[PDB]
Each structure stands twice: as structure tokens, then as C-alpha cells.
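Asker: Quick one: structure below, then a few questions.
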């Protein structure tokens, strides 16, 4: 086989990422049930734990009751995925954890973890009503 980091694979990833992003675009929570976290390739998983843990503790200090809870919930999921990764993949580490709702009215949490399409030297972390696939779409958009 080839010794390339991901030659033909780069296309297969685009296939999954193409279908992955769509699944996120349809996911919508209440006030902020979508956490997007992107970690650099050279960065360490535990490293983000400090940045995340920071917002995790402050999240419990939010004036809004329903908001403070929705925040701790997603964050708790992000780190939960971090314990599954001892280090950031060759390209990087990007996990998405959040709580969305279905037409049926049932709340289903979305927890996904994977490496970016290509190396990313910029740790992007944000919480909103939708997953930010800018880092993912960056390649295709680039």
C-alpha cells in the first residue's frame, strides 16, 4: 500500500464528511445545545480539557437556569469524548457534542468525534444553536 498520510482516502473522508456535516446542519437545540470543538494536530487532548473545563465551570454560573444546564450538558459530553482520545489525530481533533430535538419531540444527544479533513493549526471552540462546520467546510470552500 501507499505510505501517504491519506491520498485516495482524502476523497473517502470527503464522502463521510459530506454526509456528516449535513447531519449537523439538521441538528438544532434550545438556546445552545451544539458544541463545536476543534483541536490542532500538534495540540494535546488533555490541553483542551483546560479550555473546556474553564467554560464548564463558568457555565454553571450563568444567570439562566435552562441555559446553564444546557451548557454543562454539552461540555460534559465533549470531555467525555476526550477521555477516548489520548492525543489529537495526525490532522487534528474535532468532536461535536450537543442535545437536539426530533419531530417526535424526543431529545437525542449528538456526540461525534473525528479528525479534520486536513491539518489545522487553529483550535476553534464555540457553543451555539448549530454546529460550526467552518473548519470542515474550509477545505471544500478553500
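Asker: Taking residue 108 as meeting all but one of (1) more than 15 Å from the chain's Cα centre (by Cα); (2) in a loop (DSSP other than H, G, I, E, B); (3) more than 21 Å from residue 10 (Cβ to Cβ), write down the number of the exception.
Answerer: (2)
Asker: Scan region 33-63 for residues that are part of a loop (DSSP other than H, G, I, E, B) and buried (at least 20 other Cβ atoms within 10 Å of the Cβ) and jot them down.
Answerer: 33
Asker: Same structure again: Somewhere in region 87-97, is a residue closer than 24 Å to residue 121 by Cα, touching a residue at least 60 places away in the same chain (Cβ under 8 Å), touching a strand residue (DSSP E or B) at 6+ places or on another chain (Cβ under 8 Å) and not in a helix (DSSP H, G or I)?
Answerer: Yes, region 87-97 has at least one match.
Asker: On to the next question. Of 17, 75, 39, 21, which residue is within 27 Å of residue 90 (Cα to Cα) and in contact with a strand residue (DSSP E or B) (Cβ under 6 Å, 6 or more places away or on another chain)?
Answerer: 39
We did not get these values from a lab; they are worked out from the coordinates using the rules stated. Reconstructed Cβ throughout: ideal geometry from the backbone, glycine too, with neighbour counts over all protein chains shown.
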